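Chemist: Pasting a structure below so you can have a look.
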Amino acid sequence: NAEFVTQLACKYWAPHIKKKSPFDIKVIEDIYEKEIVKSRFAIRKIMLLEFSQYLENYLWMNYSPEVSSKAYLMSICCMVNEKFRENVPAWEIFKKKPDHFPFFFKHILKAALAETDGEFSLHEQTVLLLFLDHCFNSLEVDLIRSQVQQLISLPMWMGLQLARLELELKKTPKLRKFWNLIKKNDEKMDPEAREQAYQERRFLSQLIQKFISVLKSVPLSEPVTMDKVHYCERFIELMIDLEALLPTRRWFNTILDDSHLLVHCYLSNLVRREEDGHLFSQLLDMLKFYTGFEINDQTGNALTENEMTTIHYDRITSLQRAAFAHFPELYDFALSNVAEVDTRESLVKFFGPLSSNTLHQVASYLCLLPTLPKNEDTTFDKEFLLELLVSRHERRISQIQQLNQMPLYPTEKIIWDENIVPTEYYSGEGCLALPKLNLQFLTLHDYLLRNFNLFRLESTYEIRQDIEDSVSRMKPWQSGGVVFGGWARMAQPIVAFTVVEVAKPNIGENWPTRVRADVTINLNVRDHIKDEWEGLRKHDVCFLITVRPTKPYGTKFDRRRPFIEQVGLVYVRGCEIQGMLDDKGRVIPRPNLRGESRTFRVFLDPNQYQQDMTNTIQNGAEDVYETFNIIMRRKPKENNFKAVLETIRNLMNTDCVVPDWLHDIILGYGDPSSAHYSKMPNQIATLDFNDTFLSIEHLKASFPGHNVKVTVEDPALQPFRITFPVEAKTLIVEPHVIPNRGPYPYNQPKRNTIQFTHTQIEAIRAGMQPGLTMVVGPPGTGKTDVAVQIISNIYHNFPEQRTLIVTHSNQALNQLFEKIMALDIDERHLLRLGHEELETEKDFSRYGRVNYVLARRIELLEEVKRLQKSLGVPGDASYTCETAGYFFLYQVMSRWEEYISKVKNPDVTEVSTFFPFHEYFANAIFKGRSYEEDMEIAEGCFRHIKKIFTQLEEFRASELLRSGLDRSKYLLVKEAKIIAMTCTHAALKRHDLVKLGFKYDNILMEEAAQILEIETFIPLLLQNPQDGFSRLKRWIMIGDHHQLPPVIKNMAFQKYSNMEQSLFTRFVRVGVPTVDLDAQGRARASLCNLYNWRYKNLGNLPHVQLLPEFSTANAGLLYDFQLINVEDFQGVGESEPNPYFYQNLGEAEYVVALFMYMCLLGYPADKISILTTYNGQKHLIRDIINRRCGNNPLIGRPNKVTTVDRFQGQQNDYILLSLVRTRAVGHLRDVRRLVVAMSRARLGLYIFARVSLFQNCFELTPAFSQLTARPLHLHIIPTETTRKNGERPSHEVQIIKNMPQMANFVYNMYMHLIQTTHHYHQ
Amino acid sequence: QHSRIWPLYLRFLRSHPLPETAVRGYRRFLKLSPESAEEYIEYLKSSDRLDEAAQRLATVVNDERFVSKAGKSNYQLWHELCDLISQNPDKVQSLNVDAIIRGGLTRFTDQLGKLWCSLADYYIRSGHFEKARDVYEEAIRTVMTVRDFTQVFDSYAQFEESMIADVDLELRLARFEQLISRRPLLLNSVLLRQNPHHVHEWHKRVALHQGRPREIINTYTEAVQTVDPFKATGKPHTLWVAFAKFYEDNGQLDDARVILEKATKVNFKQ
């Protein structure tokens, strides 16, 4: 079939085909009928069709109303589903040709509303439900929104019962007139338009009815086809998505409530089928959580506790009034207050004994169902009415308590559940019961809950994997006891485990506030393992497992089989190591314990412990805390899931006071430009950009669209302050003189020298202005430079403010510190947090700052003693900070005040005659030219002295706090003005910051396109609100949304829930205005053009365009950029020595030969980096280098041999890239990774891969065509540099067409150089 | 000097209470002083409703150490009293019921003091459409032979009748009718069921059977349950014969032969 589909593509729709035969609907019909329908919706066949550009070339462009059919619409829907499951743009073709899109959507709706099992099957109907879910999830595209508006508008309330609609109009009188207008609109339309509008308005209820009928079609225990289950899951998922979206929920909530689908899905036997309907049960639980969320659909604002209680009491009151006025048997229920009958128990006790007719009459009086005719019996089950009434009137728990009732650990029932913890093999055909975050959220609670649950489920995969690894290495066998036939590094057999503390829980909460337990393990391992176990500290996550093996001792273990039954997995629970005990019974100059036993105190989950105790007490379960036999430890760098989840629970338990201009922006709705600097009412008019602009010409040229008016005409008079209007495109530029800082010319403050462009100037200005500023920086766009300029401008314009620097890795922080070190930033106000190898010339950590503060305080005390001696004050006593301040305010302030009254209340000579610091400044003053100059010099000397006194007063805290930790806390809380850290360190220590009282006014973040959404929100709440308002003044995020996103360990959470979506990328997707740096400054323009098509006006800076080092060709290479097509080598193309460890022997060997040639020709091997698309390919290149070069003197080693995902932010002079994959394009289809792989080379890029497989890839065509604009065979110059890139070479042009020929040439050149040269490295 | 500037600041804030909380924070965050902390707490409680009074109340009911609360008082109930006074009508952010009623329910150790305060807190905190029945059920679960339950019933009757002077007015009429049906006969019955039950008092048994007449006969089943395993001191035949004569009015057929078949194997010394 693959050859048939390939020939069909090449004949009718394939790209790279000059001429194809004309369009034929029989082609699409045959393809659908024989490949999609015949193969049972073959994922491989659908993927082949989607890669061949079937929809974009044949279906969509040739779709017409006279030619649209079931097969065509189904093929279009399947192609869209394949694009969505593959994470590629699926609506570009529809946007290019939106003509028949309304008819296409109308026909899709007509088909999806078809009676089940008719012309369309249940599989086609489930695929159509998935397509409709994607479309309703595609509310950002105008073409789909203009069609979905009619089916999700308030007119859709025409599908609700007339009594329910009347009750809604009575509850919302202001909507009634609106409905009337709608009715008037219905008068103006012809019969066909009115019929179509009514069909669209009732489509939602009709699909709900079809889903209810399908749900009833499932037998209880009889065999049922999975098609009904998949359709029910997809329909529930679409309903959940619609209910989680305010634009879709606003009117759909009332229709869903009138439909009572939740009661049916709670009453269907499908949810009772333990095996088939489990994932459907999770989806129904999520749908109930969404349908009962405390948010007002009309106002959109989250409902408080008072509003929820009032709604429940009003419902109870209406039910009591109805009962008392129409049912004597419930009169006492009508007489007793809400709470007495407001429990599910009370509601069942009072309402259960009544007949189905009585419950039906109540539901009619409660506006739930049609009125029961007199003498008629109800046709719904009594259980249906009973469950409906109970669920409507019973008490409901809050979402805050529901989250707080959740333990922080995943147990043995969760670690292996693929419905919520899907494996890495998740293809995406089935659904997963986890939320997704794409554009918007209901409230802050919805966003926080989604993020926390997703994080827990994502860490659960790695947890289950590591646990299985440890248990499988442990060899658990039977002997009724468990015997360990092997050893595990992170898992130790349980010697003892005993819960020693069950604290009384705080009232109201029914769980213990803290549970402790003492666990003894037997450190009978190698001393390396002994140290690895002894290195566990407080906050460590350890896992207690109790496994009851079933296989006899010596039975082989199989990793391919279920580990659960293989090792006898019984129970898995988490705990947090509080501390290791010593020989004195104290949880701990760490002591050296004796023996091979190690005792640790651990804290157990109070919620999980409460659940286990309740189960043991009520259901007779065995004691789960007395069966643990193994304890597993993990890597601390990968064991932060609990800390992040705890930060999430706390930030969901506080009021979440974020900036008033940022709440709606984060929520995904509203005006995306409401946080800009031009829209902020607190915008500053005149701002001091002194060290931003180097000259007046640069200042004027930084605003092409602005007219610069200077407050001084003198060209010798042009530090600059810029005042903006609010005709109006004029900027008032004022030059200024920085105050003298003393008689020392070396004390003059440094200035930044980076000649910022107009885009960088606008970005720095937006950073210096209040609001949210998004910077989109291409690779090498000067992001660090603009960031450092903004930080310096903020520190200099606002010295009373604090700046929080947030990075993703330590490299960005090291680069930011190195960039700041060149500016006028006092090192006493900068602080670096982290829990590492020093990369900076100075120490910015807490300890380095403490030592520097102490040394500067010593220097200040010595200078104060010298000043006292120069002033003639007797006394040999050494001064401290407090005595230094006293002596200052006594002698220096007094003498300065007297001299100021003398010369500032005026001859040029007396200004120096009255100077009281001549002997103090004798080591360095007055010129006697003019009065102003001498006055300024004396003021500068006094300013230096005042700086000495201020530094001493600031450092006195170091004598006030003896401990180093207290000194670091004092410096982080008050002394420092700029504190930098990582997103992970912040997410770990946010509670510590909030408790200690760290505050900040401006936030600057880099690499925001590499930070997770929760990792971007977590920095915004690093302190408490200020008198009811958030203290944050500016929020600047700089990154690249076209770059690599955050890493998701198990790619299923990214395929299904899009967890890799960064906050910056989401904010850009909403439409938030960002400033796009369009001038790169590190790599050649010919190489930068390979990725500049994906940026917004990404150009080249002057230095790269004129610099000579960027126009010199590569020695031994014809072109600076070459793509090498590598055919099959010895009958194999791509390889798989291990599962998923792809390699390509020919391409790897060719890269090795190219590196060998570059090394023998005289190129620096360290200036060459090796990148590969797979870890297996990188390892194959490494082994080949080890086996080919080894100890060869003429061939050195490359700087890096790794993947493109592991070379982010890094680069080399020359890059050899391997596209080894040849069967499928794979993860190279991601435009971000392609831009990264093409934007890592400084002067030369050589790629080895199958050109044809990637040229058929649509997403990479903008780079692939430019790469194929040159030959695919290696053009080298082995006879050679000073050659120009464009000047024709004066040497031999050798054409290597293959990898074997390249290796032969390399062997000949090496055999000639080893006889003609001799290296002596030893 | 601070021990002289902070009192001077508190005396100078006698015309404008703007920096009083600031000096209180500079003294409480730079000096451990229980008497000064209590004075500053009374200072912030001298505000309108909850202006920093809630913060001082939370810092005084926190009680991490045991020296600050023991400064000018030692009762282990002043913190609960302050939490209940915070549970009073005020203008705090929420501070509704959670910590105060939680602590007053777990570690009360005071008869009818924390129960009445919790009933009033659920009575008037904000509207209390459902919290009123919350207080009513709380009184139904914990009574401990006190009159806080009947007081809560009177408070429940009060508001609907007051609003009328209509469905809530009838609700209050029924509530007062139930409070009148709460005559002290059930109180004397609970008294005879608490103390003289273990005393093997046949007089309390006859009083219990009298309080459970043959019109709420499920209460005759409760009287048989009182005659059930908890026995007496040489007088169980009279109770069993009373139960038999009661079941004889119940048809004299069901639960008659079975009870005598159980009484032939109850030949214990009791």
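Residue names in the structure tokens use chain letters A, B, ... in the order shown, residue numbers from 1 in each chain, and ligand numbers from 1 in the order shown.
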Quick one: residues within 12 Å of region 338-344 of chain A, only C-alpha atoms counted, chain neighbours fewer than 3 positions away excluded, as a ChimeraX atom specification?
Modeler: /A:309-321,330-335,347-352,386-397 /B:128-140,168,171
Chemist: Could the residues of chain B that have an atom at most 12 Å from chain A be listed as a Markdown table, each with its closest atom pair and the distance in Å to one decimal, counting only C-alpha atoms and ordered by chain and ascending residue number?
Modeler:
| residue | atom | partner | partner_atom | distance |
| --- | --- | --- | --- | --- |
| B:29 | CA | A:996 | CA | 11.9 |
| B:51 | CA | A:1027 | CA | 11.4 |
| B:52 | CA | A:1027 | CA | 11.1 |
| B:93 | CA | A:1028 | CA | 10.0 |
| B:94 | CA | A:305 | CA | 9.6 |
| B:95 | CA | A:305 | CA | 11.9 |
| B:96 | CA | A:305 | CA | 9.8 |
| B:97 | CA | A:508 | CA | 9.3 |
| B:98 | CA | A:508 | CA | 6.6 |
| B:99 | CA | A:507 | CA | 7.1 |
| B:100 | CA | A:507 | CA | 8.8 |
| B:101 | CA | A:508 | CA | 7.6 |
| B:102 | CA | A:507 | CA | 4.0 |
| B:103 | CA | A:507 | CA | 5.3 |
| B:104 | CA | A:507 | CA | 8.0 |
| B:105 | CA | A:507 | CA | 6.8 |
| B:106 | CA | A:507 | CA | 5.5 |
| B:107 | CA | A:507 | CA | 8.4 |
| B:108 | CA | A:507 | CA | 10.6 |
| B:125 | CA | A:306 | CA | 9.8 |
| B:126 | CA | A:306 | CA | 7.1 |
| B:127 | CA | A:306 | CA | 7.9 |
| B:128 | CA | A:309 | CA | 8.0 |
| B:129 | CA | A:313 | CA | 5.6 |
| B:130 | CA | A:313 | CA | 5.7 |
| B:131 | CA | A:339 | CA | 7.7 |
| B:132 | CA | A:339 | CA | 7.6 |
| B:133 | CA | A:339 | CA | 4.4 |
| B:134 | CA | A:339 | CA | 6.1 |
| B:135 | CA | A:339 | CA | 9.1 |
| B:136 | CA | A:340 | CA | 8.0 |
| B:137 | CA | A:340 | CA | 7.0 |
| B:138 | CA | A:339 | CA | 10.7 |
| B:139 | CA | A:340 | CA | 11.8 |
| B:140 | CA | A:340 | CA | 10.3 |
| B:153 | CA | A:337 | CA | 11.5 |
| B:156 | CA | A:337 | CA | 9.5 |
| B:157 | CA | A:337 | CA | 10.8 |
| B:160 | CA | A:337 | CA | 11.3 |
| B:166 | CA | A:321 | CA | 11.0 |
| B:167 | CA | A:321 | CA | 7.6 |
| B:168 | CA | A:335 | CA | 9.1 |
| B:169 | CA | A:335 | CA | 10.5 |
| B:170 | CA | A:335 | CA | 7.6 |
| B:171 | CA | A:335 | CA | 5.6 |
| B:172 | CA | A:335 | CA | 8.9 |
| B:173 | CA | A:335 | CA | 9.2 |
| B:174 | CA | A:335 | CA | 6.5 |
| B:175 | CA | A:336 | CA | 7.8 |
| B:176 | CA | A:335 | CA | 11.4 |
| B:177 | CA | A:335 | CA | 10.8 |
| B:178 | CA | A:336 | CA | 10.0 |
Chemist: Please dump the current selection as a short mmCIF file (atom, residue, chain, number, x, y, z; two decimals), in the first residue's frame; keep N, CA and C atoms.
Modeler:
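Saved result, again_14.cif, follows:
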data_model
loop_
_atom_site.label_atom_id
_atom_site.label_comp_id
_atom_site.auth_asym_id
_atom_site.auth_seq_id
_atom_site.Cartn_x
_atom_site.Cartn_y
_atom_site.Cartn_z
N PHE B 29 9.75 43.22 65.82
CA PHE B 29 10.71 42.55 64.95
C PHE B 29 12.15 42.84 65.33
N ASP B 51 -8.48 46.57 61.70
CA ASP B 51 -7.31 47.24 61.16
C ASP B 51 -6.10 46.83 61.99
N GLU B 52 -5.38 45.82 61.51
CA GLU B 52 -4.19 45.26 62.14
C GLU B 52 -4.54 44.55 63.44
N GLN B 93 -10.47 40.52 55.96
CA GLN B 93 -10.56 40.07 54.58
C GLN B 93 -11.53 38.91 54.43
N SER B 94 -11.16 37.73 54.95
CA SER B 94 -12.14 36.67 55.14
C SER B 94 -12.21 36.20 56.59
N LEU B 95 -11.12 35.61 57.11
CA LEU B 95 -11.00 35.11 58.47
C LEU B 95 -12.29 34.48 58.99
N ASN B 96 -13.00 33.74 58.13
CA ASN B 96 -14.38 33.41 58.44
C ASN B 96 -14.57 32.49 59.64
N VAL B 97 -14.22 31.21 59.50
CA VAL B 97 -14.48 30.25 60.57
C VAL B 97 -13.34 29.27 60.77
N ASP B 98 -12.39 29.24 59.82
CA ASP B 98 -11.58 28.04 59.65
C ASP B 98 -10.72 27.74 60.87
N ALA B 99 -9.73 28.59 61.14
CA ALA B 99 -8.78 28.30 62.22
C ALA B 99 -9.45 28.45 63.58
N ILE B 100 -10.31 29.45 63.72
CA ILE B 100 -10.88 29.74 65.02
C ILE B 100 -11.83 28.64 65.45
N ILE B 101 -12.81 28.32 64.60
CA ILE B 101 -13.74 27.24 64.94
C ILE B 101 -13.02 25.89 64.93
N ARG B 102 -11.98 25.73 64.10
CA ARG B 102 -11.22 24.48 64.08
C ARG B 102 -10.56 24.22 65.42
N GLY B 103 -9.83 25.21 65.95
CA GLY B 103 -9.19 25.05 67.24
C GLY B 103 -10.19 24.97 68.37
N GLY B 104 -11.27 25.75 68.30
CA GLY B 104 -12.28 25.68 69.33
C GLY B 104 -13.07 24.39 69.32
N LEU B 105 -13.02 23.63 68.22
CA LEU B 105 -13.65 22.32 68.19
C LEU B 105 -12.71 21.19 68.56
N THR B 106 -11.41 21.30 68.28
CA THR B 106 -10.51 20.20 68.63
C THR B 106 -10.05 20.25 70.08
N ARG B 107 -9.58 21.41 70.55
CA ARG B 107 -9.04 21.53 71.90
C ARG B 107 -9.81 22.54 72.73
N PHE B 108 -11.14 22.42 72.75
CA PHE B 108 -11.97 23.37 73.50
C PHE B 108 -11.62 23.38 74.98
N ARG B 125 -21.71 35.34 60.45
CA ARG B 125 -20.39 35.64 59.91
C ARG B 125 -20.50 36.42 58.61
N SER B 126 -21.25 35.90 57.63
CA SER B 126 -21.63 36.67 56.45
C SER B 126 -22.90 36.00 55.90
N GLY B 127 -24.05 36.58 56.21
CA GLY B 127 -25.32 36.05 55.73
C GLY B 127 -25.75 34.77 56.43
N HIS B 128 -24.91 33.74 56.33
CA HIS B 128 -25.16 32.44 56.96
C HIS B 128 -26.47 31.82 56.48
N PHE B 129 -26.55 31.62 55.16
CA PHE B 129 -27.70 30.91 54.60
C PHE B 129 -27.61 29.42 54.88
N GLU B 130 -26.42 28.84 54.73
CA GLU B 130 -26.19 27.43 55.05
C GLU B 130 -25.46 27.23 56.37
N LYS B 131 -24.72 28.24 56.84
CA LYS B 131 -23.98 28.10 58.10
C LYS B 131 -24.90 28.05 59.31
N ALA B 132 -26.13 28.55 59.20
CA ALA B 132 -27.09 28.45 60.29
C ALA B 132 -27.43 26.99 60.57
N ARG B 133 -27.78 26.24 59.53
CA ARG B 133 -28.00 24.81 59.70
C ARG B 133 -26.72 24.10 60.10
N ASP B 134 -25.56 24.65 59.73
CA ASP B 134 -24.30 24.12 60.22
C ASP B 134 -24.23 24.19 61.73
N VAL B 135 -24.55 25.36 62.30
CA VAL B 135 -24.54 25.51 63.75
C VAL B 135 -25.60 24.61 64.39
N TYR B 136 -26.75 24.45 63.72
CA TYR B 136 -27.81 23.60 64.26
C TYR B 136 -27.36 22.14 64.32
N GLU B 137 -26.73 21.64 63.26
CA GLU B 137 -26.21 20.27 63.28
C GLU B 137 -25.07 20.12 64.28
N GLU B 138 -24.24 21.15 64.44
CA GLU B 138 -23.18 21.10 65.44
C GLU B 138 -23.77 20.97 66.84
N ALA B 139 -24.85 21.70 67.11
CA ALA B 139 -25.52 21.58 68.40
C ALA B 139 -26.19 20.22 68.56
N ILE B 140 -26.65 19.62 67.45
CA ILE B 140 -27.26 18.30 67.54
C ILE B 140 -26.23 17.20 67.78
N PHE B 153 -31.30 27.34 68.95
CA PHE B 153 -32.63 27.19 68.36
C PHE B 153 -33.45 28.47 68.50
N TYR B 156 -32.16 30.83 65.91
CA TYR B 156 -32.66 30.46 64.59
C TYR B 156 -34.11 30.89 64.41
N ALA B 157 -34.93 30.70 65.45
CA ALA B 157 -36.32 31.15 65.37
C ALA B 157 -36.39 32.66 65.22
N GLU B 160 -36.07 34.85 61.26
CA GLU B 160 -37.16 34.83 60.24
C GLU B 160 -38.39 35.60 60.76
N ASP B 166 -41.68 35.42 54.31
CA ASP B 166 -42.85 34.81 54.93
C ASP B 166 -42.68 33.30 55.03
N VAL B 167 -42.04 32.70 54.02
CA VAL B 167 -41.67 31.30 54.13
C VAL B 167 -40.62 31.12 55.21
N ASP B 168 -39.70 32.08 55.34
CA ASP B 168 -38.76 32.05 56.45
C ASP B 168 -39.45 32.39 57.77
N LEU B 169 -40.55 33.16 57.72
CA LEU B 169 -41.32 33.40 58.94
C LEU B 169 -41.99 32.11 59.41
N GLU B 170 -42.53 31.31 58.49
CA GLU B 170 -43.06 30.01 58.86
C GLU B 170 -41.96 29.06 59.29
N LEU B 171 -40.77 29.18 58.70
CA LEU B 171 -39.63 28.39 59.15
C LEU B 171 -39.28 28.72 60.60
N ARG B 172 -39.30 30.00 60.96
CA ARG B 172 -39.05 30.40 62.34
C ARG B 172 -40.18 29.97 63.27
N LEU B 173 -41.42 29.97 62.77
CA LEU B 173 -42.53 29.47 63.59
C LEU B 173 -42.36 27.99 63.90
N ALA B 174 -41.99 27.20 62.89
CA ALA B 174 -41.72 25.78 63.11
C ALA B 174 -40.50 25.57 64.01
N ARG B 175 -39.48 26.42 63.88
CA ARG B 175 -38.31 26.32 64.75
C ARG B 175 -38.68 26.55 66.20
N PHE B 176 -39.51 27.57 66.47
CA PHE B 176 -39.97 27.81 67.83
C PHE B 176 -40.88 26.68 68.31
N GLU B 177 -41.67 26.09 67.41
CA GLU B 177 -42.48 24.94 67.80
C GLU B 177 -41.61 23.75 68.19
N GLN B 178 -40.48 23.56 67.50
CA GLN B 178 -39.56 22.49 67.88
C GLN B 178 -38.85 22.82 69.19
#
Chemist: Could you check which of A:972, A:454, A:728, A:1156 is closest to residue 850 (chain A), using only C-alpha atoms?
Modeler: A:972
Chemist: Would you list, as a VMD selection string, the residues of region 479-553 of chain A that end up in helix (DSSP H, G or I) under DSSP run on this structure's backbone?
Modeler: chain A and resid 527 to 534
Chemist: Can you work out which one of A:904, A:1312, A:1273, A:706 has the shortest atom-to-atom distance to residue 1119 (chain A), counting only C-alpha atoms?
Modeler: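 Ranked by minimum distance to residue 1119 (chain A), first place goes to A:1273.
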Chemist: Report, in Å to a single decimal, how far apart CA of residue 1274 (chain A) and CA of residue 1117 (chain A) are.
Modeler: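 Separating CA of residue 1117 (chain A) from CA of residue 1274 (chain A) is a distance of 8.4 Å.
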